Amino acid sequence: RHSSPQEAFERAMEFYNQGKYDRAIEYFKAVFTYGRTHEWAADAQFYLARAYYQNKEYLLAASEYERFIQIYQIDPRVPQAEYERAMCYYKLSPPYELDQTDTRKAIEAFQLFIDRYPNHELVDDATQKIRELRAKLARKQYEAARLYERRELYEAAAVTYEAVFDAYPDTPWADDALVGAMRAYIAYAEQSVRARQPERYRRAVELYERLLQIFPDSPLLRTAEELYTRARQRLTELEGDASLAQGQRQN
């Protein structure tokens, strides 16, 4: 097998270069049987992380990237390592219908990277990954809201649409979700006892302003105007109704 860190390293690289990642990995690990002080330890650790990655062992990759960063803090590759570690979670991030634990892990990892090295070459890439991961999360919530609305659970729909624009305001689903929330609040109001309607209509009225303030160029502004008009006119009739008293909780 091997007699020195160099033989083990170069054998690992031989396997690595021809895509024999399982074998490479075994040889990178062998390097460390001679300790980590020799001149090959940094490279061995860095390419071990990459070999796991190329072998699609992302959790193992992530751990080894982390170890590289822990051990060799002024190695010029430390920023790359932090980025590629975030990529492990990115690869693990599954389709939006499934549990999004690893999606949230990836986002945090990328965000830390961006905070730590705000001008790094890889920042644009990391930002694009964040946008893509955030869109998954937004879509999951948007589709959930649609299902509630379809089931005529309108309060549930409304707050689930709000999750999209409150938690993920930069995703492409955010303006769609504001409109969806207005529609749901209108429908929630309609199913409500008269005295509890104003505050529900008020929510829809307030969401339109936010749409206008945050997405001034949204194509949905004109679409949503009709919704806003319905909410506003109904709220006016209610507010102008001299015979509708309103308990304190309804103002």
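When you see a residue number, it is the position in the sequence shown, counting from 1.
- Stretches 203-211 and 28-36 differ in mean C-alpha B factor, with the higher average recorded for 28-36.
- Higher mean CA temperature factor, per the PDB entry, when comparing 76-84 with 167-175: 167-175.
- The PDB entry gives the largest Cα B-factor of the residues 225, 217, 64, 190 to 217.
- Ranked by Cα temperature factor within the chain, residue 99 sits in the highest third according to the deposited record.
- Annotation for residue 91: C-alpha temperature factor in the middle third relative to the rest of the modelled chain, per the entry.
- Looking at the C-alpha B-factors along this chain, the one for residue 13 belongs to the middle third.
- In this PDB entry, residue 153 carries a Cα temperature factor that places it within the lowest third of its chain's modelled residues.
- In this PDB entry, residue 138 carries a Cα temperature factor that places it within the middle third of its chain's modelled residues.
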